[PDB]
Structure formats: structure tokens, C-alpha cells
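One chain comes next, on its own, written as C-alpha cells: the form deposited without its partner chain.
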């Protein structure tokens, strides 16, 4: 069964955990599986992703045709970090909005971040409908939500909004539980089949390079995505002028392979290239699938003095190291209009211009370092140049 990654996003107290509990419980009694209690999910453990600590609960549940890996976090902070660092990626998100209070600041920001980090589909769940009988009222809250989604480029008009009560569903009210089954139905239908990494174009971040007489140059690394097969044309992108060559062998500790697949640590033989022509930070790519760039717009989270970050703010003029895959690249920071200084612990949008071109695309994550110390983490919101 396909595997989809989703999670609940939304303002605090709007019911993200009761809903997550309700979902696992109702799908378990209906389609089979195991229910998770609210307390267990509420008590989220901490995980250290990219030096940052984040509280994240992971649950799993099944619908007759799919398997879901679901994340739920205690606070807004955990969502900002988790989304920017790419700790728990989502093929789709379930926006939980309380019908009693309507959209709030964190609701708008999670939608904001959702777009920036690249969450492709959002399904809305109008929670707490057991407290609101007023049909016209419920409709207003629905209009607000639809337009908020549209502001941030999500198709609010086609967005599936499901009305329900996560508390009553969990409670065991057969009428409300059906609303969960309705939501699960939308998960299965609205969110399309996600692409497996192996289906994505070949991409290998160059880790190290060696040379063998007659056989040529071997560049090693872990295949990020796709598959490289012996005898096919491959490009060396980033750092310098985009080169091109041909794979002539794939090795794995002496063992010769016909191809190298995603997740595998291999060594690829390149015919027509010398070690000297291979700089640090370059990636082997399927011809014409990735391009080097220098300018890009991003979303960044600056660690707090406590997380091991700076104790002092930085200003427009900060020139840090941007660590991409295998190397640091210095660049210049362009802050948002009206921005003054960026305090440790802040998350903002900044336009970066790298000194040397790096093969990148939307969603590429990076760390902002000062010497050896990680000072931030970011994601390429969109390539500018």
C-alpha cells in the first residue's frame, strides 16, 4: 500500500491532537489498526534534527488503500523548526481550524510556511462544530479560511473543508466518527500518489574523488534520488561550468553493479574526467534536471542563544557561510523591507546571493554557519537566479 506523509497544522488549542487521536481510533475500529491515545500523542518526545531540538509525535494509521505517517507537534515553535529544517516532511497537511474562534495568527503563518517549504496540498478540518449550531456562522469561518488559503496561493475554492468534532469522535459518538471517515476519504482522494525518490531524477552529491589507471575517475557519495546506470550520460553541476561525461561503472566496495539506486553509497566511474576537474560541492545529475544558481529566496530559522546560536543580532550585511550538501558557500543577505535586525531565535525570509553557483531547486535545505558553528537552517523558497 502507498505511503503518504501528512500532519496537522494550525493555531494552538484548535484541536490538532484530539483530531490526530480521533483519526487513529476511528480508522482502527473501522478499517483495522491501532489507536493512539490523546495523552500519548500530546506528550511528544524530542528529536534533534540538524542540531535543533523539536517535539514531534509520529503516529501511523491505514485507510483501505493507503498507509499514513502522521506528525503532530505541541507548539508553534516546533512547527516552524520542523517545517524549515525538513525534519518531518509532509506530502499534504490537514489544517485544523476551530469553528468557535476562526482563523488565528498561527493558522495564517502555518499556511504561509506551508507554501514556502512546499507542502503541496492542504485539506481543512473545521473543528469544534459541536459548539457551534449557527449555520451562517460556520459559513463565515469557512469563507475566511478559503480566502486565507488563496492569499497564500492555495486553491481555497476547491479546498475540501470537513466539519466535525474531534472530541466527540474520539468520545465514541457514531455520528461524529463518520466525519473522521469523511476526512480520511479526502486524504485518499485529494492528495495524489507522492513520487518515490527512486522515481525522481538521478542526483549524487560528490563526496570524494579518486583515480584508477585505465578505469578513470571514481566519485563517491550517497545517491540522493533516482538511479544511475552504466553507460549513461551524466552531468557534473555546480561550482564551475556544468560539465558532462558518461558513467562507465558503479562500484560498492569492490562489488561491481549495473546501476546505483537511491539510498545507496556507491562510487561511480566517469569516462573523460580528471580528479582535478572535480571541485567540492558539485553533484552528478541526470542531464538537464538540475541547474546551478546563485540568487535565491528562502525561509530561515536563526537558532536561539540557548540552542547554541548567536547571542547577538545580525544586520543587513551579515555574510555567513551557507552549507549546501557537502560544502560551505559564502553569500550576501538581503532582508525584507522594514526589517531592521534579526535576533537569535527569529525566522524570516531572506534573499541570498551565493559567491559560487550551486545546483539547487525549490525545497533544497541548508545550514547557516559561522566558522564551524551552525547558526541557522533554511530552505530554498524559490530560485531567483
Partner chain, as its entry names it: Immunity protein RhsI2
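We call the rigid core whatever largest set of C-alpha positions still superposes within 1.5 Å between the two forms. Residue numbers count along the first chain shown, from 1.
K.L.:
At least a third of the other compared entries lacking residue 40?
P.N.:
Per the records, residue 40 goes unmodelled in at least a third of the other entries.
K.L.:
Can you let me know which of the two, 84-92 or 299-307, has the higher average C-alpha B-factor in the entry?
P.N.:
Looking at the record's C-alpha B-factors, the answer is 299-307.
K.L.:
Looking at the deposited entry, does 349-357 or 58-66 carry the larger mean Cα B-factor?
P.N.:
Between 58-66 and 349-357, it is 349-357 that shows the higher mean C-alpha B-factor.
K.L.:
Determine which member of 189, 282, 116, 242 has the highest CA B-factor, using the values in the deposited entry.
P.N.:
The record points to 242.
K.L.:
Quick one: which of 165, 211, 265, 159 has the biggest Cα B-factor according to the entry?
P.N.:
When the deposited C-alpha B-factors of 165, 211, 265, 159 are compared, 211 is largest.
K.L.:
Going by the entry, which third of its chain does the Cα temperature factor of residue 376 land in?
P.N.:
Lowest third - that is where residue 376 ends up once the chain's C-alpha B-factors are sorted.
K.L.:
Looking at the entry's B-factor column for C-alpha atoms only, identify whether residue 28 ranks in the lowest, middle or highest third of its chain.
P.N.:
Answer is middle: the recorded C-alpha B-factor places it there.
K.L.:
Sorting by Cα B-factor within the chain, modelled residues only, which third would residue 277 end up in: lowest, middle or highest?
P.N.:
It belongs to the middle third of the chain when residues are ordered by C-alpha B-factor.
K.L.:
By the record's CA B-factor, is residue 231 among the lowest, middle or highest third of residues in the chain?
P.N.:
For residue 231, whose C-alpha B-factor we compare with every modelled residue in the chain, the answer is the highest third.
K.L.:
Against its chain's modelled residues, does residue 199's Cα B factor rank lowest, middle or highest third?
P.N.:
Residue 199: CA B-factor falls in the highest third of its chain.
Another form, the form solved in complex with its partner chain, is not on view; read the next lines as being about it.
K.L.:
Even though its partner chain is not shown here, does residue 108 get within 4.5 Å of it in the bound PDB entry, heavy atoms only?
P.N.:
Although its partner chain is absent here, residue 108 would touch it in the bound PDB entry, with heavy atoms inside 4.5 Å.
K.L.:
Taking any heavy atom pair closer than or equal to 4.5 Å as contact, tell me whether residue 264 reaches its partner chain in the bound PDB entry.
P.N.:
Taking the distances in the bound PDB entry, the answer for residue 264 is no, it never comes within 4.5 Å of its partner chain.
K.L.:
Contact with its partner chain in the bound PDB entry for residue 141, defined as at least one heavy atom pair within 4.5 Å: yes or no?
P.N.:
Residue-level check for residue 141: yes, a contact with its partner chain.
K.L.:
Residue 241 versus its partner chain, in the bound PDB entry: is there a non-hydrogen atom within 4.5 Å?
P.N.:
So residue 241 does not count as contacting its partner chain.
K.L.:
When its partner chain is placed as it is in the bound PDB entry, which of 132-140, 222-230, 283-291, 194-202 ends up with heavy atoms within 4.5 Å of it?
P.N.:
The contacting stretch is 132-140.
K.L.:
Though its partner chain is not shown, can you say which of 158, 153, 147, 208 has a heavy atom within 4.5 Å of it in the bound PDB entry?
P.N.:
By the 4.5 Å criterion, the partner-contacting residue is 147.
K.L.:
Using a superposition on the rigid core, decide whether the Cα position of residue 355 changes by 2 angstroms or more between this form and the one not shown.
P.N.:
No, shifts by less than 2 Å.
K.L.:
Has the Cα of residue 344 moved 2 Å or more between this form and the one not shown, judged after a core fit?
P.N.:
No; that C-alpha moves by less than 2 Å between this form and the one not shown.
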